[PDB]
Amino acid sequence: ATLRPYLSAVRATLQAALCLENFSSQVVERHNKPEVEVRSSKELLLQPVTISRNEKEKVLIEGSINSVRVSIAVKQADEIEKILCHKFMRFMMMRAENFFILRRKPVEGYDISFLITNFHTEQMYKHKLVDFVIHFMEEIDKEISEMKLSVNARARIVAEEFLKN
Amino acid sequence: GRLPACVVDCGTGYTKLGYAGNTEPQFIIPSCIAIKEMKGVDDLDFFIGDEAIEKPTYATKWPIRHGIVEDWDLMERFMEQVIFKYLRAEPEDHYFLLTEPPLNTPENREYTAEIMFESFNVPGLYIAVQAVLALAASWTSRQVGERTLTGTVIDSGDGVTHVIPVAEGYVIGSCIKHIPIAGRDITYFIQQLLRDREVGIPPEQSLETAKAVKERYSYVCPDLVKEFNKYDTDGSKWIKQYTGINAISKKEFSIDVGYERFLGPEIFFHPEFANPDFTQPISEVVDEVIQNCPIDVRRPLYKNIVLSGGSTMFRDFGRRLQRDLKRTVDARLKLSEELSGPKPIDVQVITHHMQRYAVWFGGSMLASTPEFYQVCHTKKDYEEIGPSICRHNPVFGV
Amino acid sequence: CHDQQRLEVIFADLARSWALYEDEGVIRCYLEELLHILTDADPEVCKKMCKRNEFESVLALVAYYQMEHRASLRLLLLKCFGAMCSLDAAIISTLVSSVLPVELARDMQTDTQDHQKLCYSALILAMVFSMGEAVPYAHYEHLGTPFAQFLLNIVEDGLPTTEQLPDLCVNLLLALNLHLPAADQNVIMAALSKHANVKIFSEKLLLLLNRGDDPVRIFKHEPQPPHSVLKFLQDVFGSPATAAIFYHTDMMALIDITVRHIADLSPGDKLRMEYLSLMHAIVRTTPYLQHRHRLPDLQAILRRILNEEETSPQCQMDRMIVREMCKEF
Amino acid sequence: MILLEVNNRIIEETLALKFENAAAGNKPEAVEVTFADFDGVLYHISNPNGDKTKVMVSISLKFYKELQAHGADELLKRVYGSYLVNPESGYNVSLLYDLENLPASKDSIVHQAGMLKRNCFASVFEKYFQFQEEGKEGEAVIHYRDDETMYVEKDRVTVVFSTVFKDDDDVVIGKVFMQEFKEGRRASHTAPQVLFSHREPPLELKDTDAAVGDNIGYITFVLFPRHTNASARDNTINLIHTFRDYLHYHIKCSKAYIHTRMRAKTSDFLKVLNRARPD
Amino acid sequence: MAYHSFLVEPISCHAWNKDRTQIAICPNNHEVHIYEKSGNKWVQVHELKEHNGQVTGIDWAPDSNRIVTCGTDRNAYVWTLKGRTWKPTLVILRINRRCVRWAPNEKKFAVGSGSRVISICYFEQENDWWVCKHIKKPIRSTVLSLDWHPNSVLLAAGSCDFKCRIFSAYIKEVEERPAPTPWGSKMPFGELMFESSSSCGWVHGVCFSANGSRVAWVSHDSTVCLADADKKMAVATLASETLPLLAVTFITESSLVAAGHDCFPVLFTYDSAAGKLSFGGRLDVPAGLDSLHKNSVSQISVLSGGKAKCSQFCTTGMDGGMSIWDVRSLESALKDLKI
Ligand SMILES: Nc1ncnc2c1ncn2[C@@H]1O[C@H](COP(=O)(O)OP(=O)(O)OP(=O)(O)O)[C@@H](O)[C@H]1O
Ligand SMILES: [Ca+2]
């Protein structure tokens, strides 16, 4: 199931939907916003594509002429890992003010959501952005595992110390 | 409800913690935490308060720099030990009122809210302004006659002394002025003065000795000529003697305290003495702060001048302040009345009984009222809406 | 040209022992000169000068380090040895063939009052034994089951410092067991069978496993050695007595890590076959079919691995390994 | 501090200050302060009748009656004696101190008084220990917290506390710590046995108005004669009385460390993103 | 092969002077900058801050020496040089909502925008004011790229409607009649003379040939499509393995060069014989990028030579680099490239 070719098709699709450009609103006078987010013009919205490596962990990409919204639902092995994932995704969501390539709320039916704007696509390297996504996934996995091990270790130590008294 | 909430004002040089409603702090500790030079309970081995100032196996770190937080995790551990080791009160079964700086960022308030609500699961949380509670503490000098949230508050501490204009509980950021001379700088001035005047003092106890000199014998004078002529002509009743114990040899070391006792406290009235990059006196700073604010509230700001912080507890400080301010004021009034082809400008520098810890006193006085239970953001609202629930604190008590 | 002359002159003056009966300051200056020369100058010149006359200057530096009684000079010599090991593989084999390892061990056991010196000694020993090419039986007389129990106690209990030596001792442990022999002739495994009360080493090894990075591989030389964590885990899970170190929950956690690392690993790599073998050993010596957990997804993953008809030789070897380890019931 | 401190630092420091000021023969200064302690204890120290020569220390607990029902007065009289006096209005247990008549050794009195809550809760534990020592089998439920209840009951001694975990994550962390504490018999073989109950109490506490739920927990501490002895009474009591508080403090600590790790990971990722920009 | 680092942000539009002595550009700002060339180093000379938003389109009438510009400011400015200061004149666009190009006649300009109406505009000397008549027939989306034919009477434009139409913006009050073209005989203001057959991808690129015989366009479906009225308006498309192209221009009568999201200027040739388009390859062969510009190209004009034999190609992109190319050096570099 799990492979590296999944994040290669993910990287490729991310490279394909990183072709955005700045575009003014056709409905509102002198307004400029993300097309993929509001989804007001059906003519500017491309066919959203979903990629699943498994029944639990997948990535949904919804592109536009002036936006690219990538939602990522990470793997959920255990309950603790799920609570930790939720907590970390939330903690990252709070700092959406810093991450101008992420959004404050996750997409419905997904773990986390990042809105890569046309403005964001114009003031940052596309290649580096794709690299950022791939690194985001691999780092998500590795960091989650490390956090799990550390937490378990802490519990073991506290239990041993309390039992030794 | 039945129990009492906890109050904690973290200052640059000293952190004041205790229970609201009490007369004084239940624990007034130092603003420093011990750390290692990492997994498991490695973060549980953290010492805060006075028991961290002189650790040798660990390293003494300072968190609160100039009123603002620099390292969040350290402050988190510090609040942890302040809650469990120093206070030992059930956090889930108690509310909490935290203090903010004058230049506290909104995002910073958000972060504080996150650390207090997510990790501690506090039943109540309220982030207050220092000057807001300060004017309230100053409203505990004057009884019921004039207890208002209008006035100019000057909070001087170990890290930074500031002049902030307060109006009806709402501060005027555009009028707020920052001052360079703080308690640590006066302590340092005393250290240098003592370093140049007499010898026979260990270097490992020099700073503490200087602080002692700033504590016991330090007093502000009226003139810079008489305080020296009285020491030169008499010097038998003025010059005091200080005796300490060298921590190294456990022997009685002695020093002579004199002119420095006047100079250190004089550093505020004249910043030109120890700062080449500062020429403005405190009188001018307060004058400009009162003038650069709204004109309609200017009289009120000049009327309620409240002293807050430890660096303002020095003797006859507010006297000289009010003297210079009223002097310049009467001068400008005369100049305006000489070319007038004006009413008496009333000015008063208030000296509160708890002017040393006014920021915490005002908080204890606010948290004791029933309104503090209505004003404080609930844990429910915090979990339902988000951190933005702690972003705007209501002002009541008027 | 000047660097080679300074190094040769330093090596000649140090081999005169005339250096042991000289001033500490001058010796410090000479050692600092040699170290700075080996650190800032060309690699080829330092390699030729060190290996000159069949590692004459190196052997001389080793003997002088064995005769010296100064702590600081020992630290500088350890650093210079680290640089010389970072220079090439030949100098590493030469130093590993010398008694420098044994002396480093004895000094590590004797002088416990020197934290930095012990750290530099542990690091230098870790670098010297990071190849695991030659194994002298004489070196086993100074570093064996006793030293193994000592290091294991250093990891489990720890000393009274920055505590940055625990991970260094763990690294030295992983490096030493990299050149170990099978579960029957392994000293480390014997010590592990002796005192299985060590839970901390398991947690640390677990963190090291989940990290994915190798703490032993610092230099990049041709014919790189195998993975330390995998071999150590194999030697530990090679027998029930040695696999007894893992706790009730820790075993399941390690099973989760091995399964996840096995499933994430794409076909064609090298680590996948090794992790598969470790998974085979963990179900061979350890009670895997006891709580029967984590075996479902493992079964699905194994089935997806055996249906992988890759033309490459690596995936074929991996498939052969899983077919060898297919004890299904 | 890994383990929770048993003595109240506020009362200890205040009493130490008062005693140090009094030993110097200095003027008697008035004192008034309201403090609190874990499990919702309410302390209040003040000078009675405006007399600076007298210092009263009051303590109030919600389950003071249940504690007095198990012979708290006798233990309090044994511990304090002359110091123990008529309880203040509204308080549960009040002690008195006269500045005009004091002893030389101050450390003992301060260390004893600082453990007020511990000595107040130690009554039932001492009674049960003596009962187990006597061998009179076939013989308690104290509501220490508002939504919690501690239940204490031939060869062993069982102490099952039924506490509540409000936060959803705190239940998970507490479950991990309990899961580690149950098999904690691997570290020290001489240690007591540890059992854990997730949603329903143990067989002993069954249909005894047992509060069951997903947010509740019943931790069973099984001690033996080795730990229930009079020789190791004070320490074991000091730990057991602070079991819950230590658990919650440890879980919260885990939450904090998690916060730190999250901040760090956020820094690394944000660094990658900052490294993804042009300049 | 001459890339010049001017700014860090992206570029909007690229314009040149008559004798190609000065170059004008906008940096996604409320103002437009005009720089000249004095030696090896370039220096800015003029600055116009009339617009009230991000500038989208800008074109300079060479013979007239007069540059018109229109962007998000929902307005047009027909700037002309007044002494030592470029005076701007607000030409009312009359649109409730991204493209501008002067005609070969240099008398009237087309302003294609998001108002779904190619707003042609001529200058009325009778009222001393610019008037803008809007051609909106058969238009469903914004006008990405607009390019004229040699006739200076028929305009071509690609839309977000997945098609590149060639309509007529001929105002019979500003010029004489139009001769018969191979693209049709009936040429009226608003009359649709040609259109595309694509139902996918946005037509970001569109440019007509020098002979006026063929009109090509680049679609955002990773596909380029050139049409020839010489063979009964035959349409020849081709799918590029590379990403979508953003700008398209013809170098020769049968050889066109174009770039885009591929971030690398590519060359292509279309054989009139078989009647199909062919790919020449990568003319730009050598951060971490394998090309000059570190982002997608945004515009590609001609420096000198015409659309039949360009001697120098000017390329502006989202990389903040001015890419000056030469056909001679490109032909001397890639020996496997047939123009
Ligand atoms: N008895 C005293 N009289 C006058 N000044 C004092 C006395 N004791 C201490 N100080 C000075 O007051 C300073 C601390 O004042 P204060 O407590 O108001 O600041 P803080 O609250 O710790 O920090 P911040 O003002 O940034 O919040 C110290 O630097 C010290 O030098
Ligand atoms: Ca303060």
# chains A, B, ... in the order shown; residues from 1 in each chain; ligands from 1
>>> residues_near_ligand(ligand="ligand 1", cutoff="9 Å", atoms="only C-alpha atoms and all ligand atoms", output="PyMOL selection string")
chain B and resi 9-16+30-31+64-68+100-101+130+155-162+182-188+211-212+214-216+218-219+265+308-315+355-359
>>> write_last_selection(atoms="N, CA and C atoms", output="compact mmCIF listing (two decimals), in the first residue's frame")
# COMPACT_ATOMS: atom_id res chain seq x y z
N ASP B 9 1.02 38.54 38.66
CA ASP B 9 1.62 39.55 37.80
C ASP B 9 3.10 39.27 37.59
N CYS B 10 3.47 38.91 36.36
CA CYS B 10 4.86 38.63 36.05
C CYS B 10 5.59 39.90 35.61
N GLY B 11 6.51 40.38 36.45
CA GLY B 11 7.31 41.54 36.12
C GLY B 11 8.67 41.15 35.58
N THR B 12 9.40 42.13 35.05
CA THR B 12 10.72 41.87 34.49
C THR B 12 11.69 41.37 35.55
N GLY B 13 11.75 42.08 36.67
CA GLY B 13 12.69 41.76 37.73
C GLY B 13 12.13 40.89 38.83
N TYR B 14 10.82 40.96 39.05
CA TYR B 14 10.19 40.20 40.11
C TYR B 14 8.75 39.81 39.76
N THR B 15 8.39 38.56 40.05
CA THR B 15 7.04 38.07 39.81
C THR B 15 6.23 38.03 41.11
N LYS B 16 5.04 38.61 41.07
CA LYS B 16 4.18 38.68 42.25
C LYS B 16 2.97 37.76 42.14
N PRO B 30 11.32 35.88 42.56
CA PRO B 30 12.15 36.50 41.53
C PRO B 30 11.75 36.02 40.14
N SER B 31 11.92 36.89 39.15
CA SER B 31 11.58 36.55 37.77
C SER B 31 12.75 35.83 37.10
N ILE B 64 11.08 37.18 31.36
CA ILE B 64 10.40 38.44 31.09
C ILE B 64 11.38 39.58 30.84
N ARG B 65 11.58 39.90 29.56
CA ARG B 65 12.48 40.98 29.17
C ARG B 65 11.69 42.24 28.82
N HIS B 66 11.91 43.30 29.59
CA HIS B 66 11.27 44.60 29.37
C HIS B 66 9.75 44.50 29.31
N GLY B 67 9.17 43.67 30.16
CA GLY B 67 7.72 43.57 30.25
C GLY B 67 7.11 42.57 29.28
N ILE B 68 7.84 42.29 28.20
CA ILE B 68 7.38 41.33 27.20
C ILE B 68 8.06 39.98 27.38
N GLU B 100 -0.79 42.02 31.84
CA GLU B 100 -0.12 42.26 30.57
C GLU B 100 0.67 43.56 30.63
N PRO B 101 1.64 43.70 29.73
CA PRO B 101 2.42 44.92 29.62
C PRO B 101 1.64 45.99 28.86
N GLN B 130 -2.01 46.62 32.96
CA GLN B 130 -1.35 47.00 34.20
C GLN B 130 -1.82 48.37 34.71
N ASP B 155 4.51 53.61 35.24
CA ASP B 155 4.95 52.35 35.83
C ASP B 155 6.44 52.11 35.62
N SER B 156 7.21 52.19 36.70
CA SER B 156 8.66 51.99 36.63
C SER B 156 9.07 50.69 37.31
N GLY B 157 9.87 49.89 36.62
CA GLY B 157 10.29 48.60 37.14
C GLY B 157 11.76 48.30 36.93
N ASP B 158 12.11 47.02 36.99
CA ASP B 158 13.49 46.60 36.81
C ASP B 158 13.88 46.62 35.34
N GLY B 159 12.91 46.33 34.47
CA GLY B 159 13.17 46.24 33.05
C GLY B 159 12.96 47.53 32.27
N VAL B 160 11.78 48.12 32.40
CA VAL B 160 11.46 49.34 31.68
C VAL B 160 10.46 50.21 32.44
N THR B 161 10.73 51.51 32.48
CA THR B 161 9.81 52.48 33.06
C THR B 161 9.02 53.15 31.94
N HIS B 162 7.69 53.15 32.05
CA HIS B 162 6.86 53.71 31.00
C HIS B 162 5.84 54.72 31.54
N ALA B 182 15.45 52.56 34.29
CA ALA B 182 14.67 51.61 35.07
C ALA B 182 15.38 51.25 36.37
N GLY B 183 14.74 50.42 37.19
CA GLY B 183 15.29 50.03 38.47
C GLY B 183 16.65 49.34 38.37
N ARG B 184 16.82 48.54 37.32
CA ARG B 184 18.09 47.85 37.10
C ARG B 184 19.19 48.84 36.73
N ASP B 185 18.81 49.92 36.06
CA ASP B 185 19.77 50.93 35.65
C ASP B 185 20.21 51.81 36.82
N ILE B 186 19.30 52.03 37.77
CA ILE B 186 19.62 52.79 38.97
C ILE B 186 20.46 51.93 39.91
N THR B 187 20.12 50.65 39.97
CA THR B 187 20.90 49.68 40.73
C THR B 187 22.32 49.61 40.17
N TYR B 188 22.42 49.61 38.84
CA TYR B 188 23.71 49.57 38.16
C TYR B 188 24.50 50.85 38.40
N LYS B 211 22.38 46.81 45.29
CA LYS B 211 20.93 46.71 45.40
C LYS B 211 20.49 47.04 46.82
N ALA B 212 21.26 46.56 47.78
CA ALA B 212 20.99 46.84 49.19
C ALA B 212 21.08 48.34 49.45
N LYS B 214 20.56 50.62 47.27
CA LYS B 214 19.40 51.22 46.62
C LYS B 214 18.12 50.97 47.42
N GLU B 215 18.17 49.99 48.32
CA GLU B 215 16.99 49.60 49.08
C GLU B 215 16.86 50.34 50.41
N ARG B 216 17.93 50.35 51.19
CA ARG B 216 17.85 50.84 52.56
C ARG B 216 18.16 52.33 52.70
N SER B 218 18.94 54.57 50.01
CA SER B 218 18.63 55.40 48.86
C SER B 218 17.45 56.33 49.12
N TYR B 219 17.65 57.63 48.87
CA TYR B 219 16.58 58.62 49.02
C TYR B 219 16.82 59.81 48.09
N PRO B 265 18.86 57.79 43.17
CA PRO B 265 17.48 58.26 43.10
C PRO B 265 17.38 59.52 42.25
N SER B 308 3.18 53.63 39.81
CA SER B 308 3.08 52.18 39.87
C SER B 308 4.44 51.53 39.64
N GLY B 309 4.67 50.40 40.29
CA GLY B 309 5.94 49.71 40.18
C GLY B 309 6.83 49.92 41.39
N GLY B 310 7.91 49.15 41.47
CA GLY B 310 8.81 49.22 42.61
C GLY B 310 9.78 50.39 42.56
N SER B 311 10.16 50.78 41.35
CA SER B 311 11.14 51.84 41.16
C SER B 311 10.58 53.22 41.49
N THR B 312 9.30 53.28 41.84
CA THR B 312 8.69 54.56 42.19
C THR B 312 8.40 54.65 43.68
N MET B 313 8.87 53.67 44.44
CA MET B 313 8.64 53.65 45.88
C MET B 313 9.69 54.47 46.63
N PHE B 314 10.66 55.01 45.89
CA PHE B 314 11.73 55.82 46.48
C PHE B 314 11.15 57.08 47.12
N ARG B 315 11.81 57.55 48.18
CA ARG B 315 11.29 58.66 48.97
C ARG B 315 11.31 59.99 48.22
N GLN B 355 1.84 51.34 46.24
CA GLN B 355 2.40 51.81 44.97
C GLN B 355 3.55 50.94 44.49
N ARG B 356 4.08 50.11 45.38
CA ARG B 356 5.15 49.18 45.03
C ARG B 356 4.64 48.05 44.14
N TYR B 357 3.45 47.55 44.45
CA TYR B 357 2.86 46.43 43.71
C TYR B 357 1.44 46.73 43.21
N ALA B 358 1.19 47.99 42.87
CA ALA B 358 -0.14 48.46 42.46
C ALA B 358 -0.79 47.62 41.37
N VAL B 359 0.02 47.13 40.43
CA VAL B 359 -0.47 46.32 39.32
C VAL B 359 -1.20 45.07 39.81
>>> interface_residues(of="chain E", to="chain D", cutoff="12 Å", atoms="only C-alpha atoms", output="ChimeraX atom specification")
/E:7-10,287-288,294-295,319-320
>>> write_last_selection(atoms="C-alpha atoms", output="short mmCIF file (atom, residue, chain, number, x, y, z; two decimals), in the first residue's frame")
data_model
loop_
_atom_site.label_atom_id
_atom_site.label_comp_id
_atom_site.auth_asym_id
_atom_site.auth_seq_id
_atom_site.Cartn_x
_atom_site.Cartn_y
_atom_site.Cartn_z
CA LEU E 7 13.16 43.20 -9.24
CA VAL E 8 12.29 40.35 -6.86
CA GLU E 9 8.51 40.31 -7.41
CA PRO E 10 6.76 39.25 -10.63
CA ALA E 287 17.82 28.53 -6.84
CA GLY E 288 17.69 25.10 -8.45
CA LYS E 294 12.76 31.07 -11.83
CA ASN E 295 9.05 31.33 -12.61
CA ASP E 319 10.69 35.67 -12.15
CA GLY E 320 11.56 39.36 -12.08
#
>>> residues_around(residues="range 41-56 of chain A", least_positions_apart="4", cutoff="7 Å", atoms="only C-alpha atoms", output="list in words")
residues 1, 2, 6, 36, 60, 61, 62, 63, 64, 65, 75 and 76 of chain A
>>> write_last_selection(atoms="N, CA and C atoms", output="PDB file, in the first residue's frame")
ATOM      1  N   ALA A   1       0.820  -1.205   0.000  1.00  0.00           N
ATOM      2  CA  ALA A   1       0.000   0.000   0.000  1.00  0.00           C
ATOM      3  C   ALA A   1       0.860   1.263   0.000  1.00  0.00           C
ATOM      4  N   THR A   2       1.498   1.538   1.134  1.00  0.00           N
ATOM      5  CA  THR A   2       2.319   2.736   1.292  1.00  0.00           C
ATOM      6  C   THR A   2       3.594   2.666   0.457  1.00  0.00           C
ATOM      7  N   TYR A   6       3.474   7.523  -4.209  1.00  0.00           N
ATOM      8  CA  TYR A   6       2.239   8.201  -3.858  1.00  0.00           C
ATOM      9  C   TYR A   6       2.527   9.670  -3.666  1.00  0.00           C
ATOM     10  N   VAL A  36     -10.844  29.235  -5.753  1.00  0.00           N
ATOM     11  CA  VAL A  36     -11.112  27.886  -5.274  1.00  0.00           C
ATOM     12  C   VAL A  36     -11.870  27.875  -3.948  1.00  0.00           C
ATOM     13  N   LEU A  60      -6.603  15.385  -1.052  1.00  0.00           N
ATOM     14  CA  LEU A  60      -7.523  15.920  -2.048  1.00  0.00           C
ATOM     15  C   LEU A  60      -7.070  17.293  -2.535  1.00  0.00           C
ATOM     16  N   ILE A  61      -6.898  17.426  -3.846  1.00  0.00           N
ATOM     17  CA  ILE A  61      -6.449  18.681  -4.434  1.00  0.00           C
ATOM     18  C   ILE A  61      -7.553  19.324  -5.267  1.00  0.00           C
ATOM     19  N   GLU A  62      -7.889  20.563  -4.924  1.00  0.00           N
ATOM     20  CA  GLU A  62      -8.881  21.327  -5.667  1.00  0.00           C
ATOM     21  C   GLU A  62      -8.266  22.617  -6.199  1.00  0.00           C
ATOM     22  N   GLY A  63      -7.979  22.647  -7.498  1.00  0.00           N
ATOM     23  CA  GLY A  63      -7.313  23.785  -8.108  1.00  0.00           C
ATOM     24  C   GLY A  63      -8.231  24.791  -8.779  1.00  0.00           C
ATOM     25  N   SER A  64      -7.702  25.989  -9.008  1.00  0.00           N
ATOM     26  CA  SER A  64      -8.430  27.065  -9.679  1.00  0.00           C
ATOM     27  C   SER A  64      -7.455  27.940 -10.472  1.00  0.00           C
ATOM     28  N   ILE A  65      -7.979  28.927 -11.191  1.00  0.00           N
ATOM     29  CA  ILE A  65      -7.133  29.829 -11.960  1.00  0.00           C
ATOM     30  C   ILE A  65      -6.390  30.775 -11.027  1.00  0.00           C
ATOM     31  N   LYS A  75      -2.796   9.500   8.198  1.00  0.00           N
ATOM     32  CA  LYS A  75      -3.140   8.178   8.710  1.00  0.00           C
ATOM     33  C   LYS A  75      -3.431   8.207  10.207  1.00  0.00           C
ATOM     34  N   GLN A  76      -4.416   7.415  10.621  1.00  0.00           N
ATOM     35  CA  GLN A  76      -4.794   7.316  12.025  1.00  0.00           C
ATOM     36  C   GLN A  76      -4.650   5.879  12.518  1.00  0.00           C
TER      37      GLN A  76
END
>>> residues_around(residues="residue 68 in chain C", least_positions_apart="4", cutoff="12 Å", atoms="only C-alpha atoms", output="short mmCIF file (atom, residue, chain, number, x, y, z; two decimals) with C-alpha atoms, in the first residue's frame")
data_model
loop_
_atom_site.label_atom_id
_atom_site.label_comp_id
_atom_site.auth_asym_id
_atom_site.auth_seq_id
_atom_site.Cartn_x
_atom_site.Cartn_y
_atom_site.Cartn_z
CA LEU C 14 56.81 14.08 20.01
CA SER C 17 59.78 9.88 25.70
CA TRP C 18 61.24 13.39 25.57
CA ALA C 19 57.82 14.99 25.11
CA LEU C 20 56.50 13.37 28.29
CA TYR C 21 59.28 15.05 30.27
CA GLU C 22 58.66 18.45 28.69
CA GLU C 24 52.78 21.17 29.41
CA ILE C 27 53.25 20.25 24.37
CA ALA C 60 53.80 7.16 17.77
CA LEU C 61 50.92 9.48 18.65
CA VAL C 62 49.07 6.46 20.03
CA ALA C 63 51.99 5.31 22.19
CA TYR C 64 52.61 8.86 23.42
CA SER C 72 44.09 18.04 28.42
CA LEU C 73 46.81 16.52 26.23
CA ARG C 74 44.72 13.34 26.14
CA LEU C 75 41.71 15.37 25.01
CA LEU C 76 43.74 17.07 22.27
CA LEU C 77 45.13 13.70 21.19
CA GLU C 103 43.73 2.27 26.46
CA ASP C 107 40.94 5.34 30.81
#
>>> closest_residue(among="B:307, B:245, B:201, B:285", to="ligand 2", atoms="only C-alpha atoms and all ligand atoms")
B:307
>>> closest_residue(among="A:94, A:124, A:89, A:163", to="chain E", atoms="only C-alpha atoms")
A:124
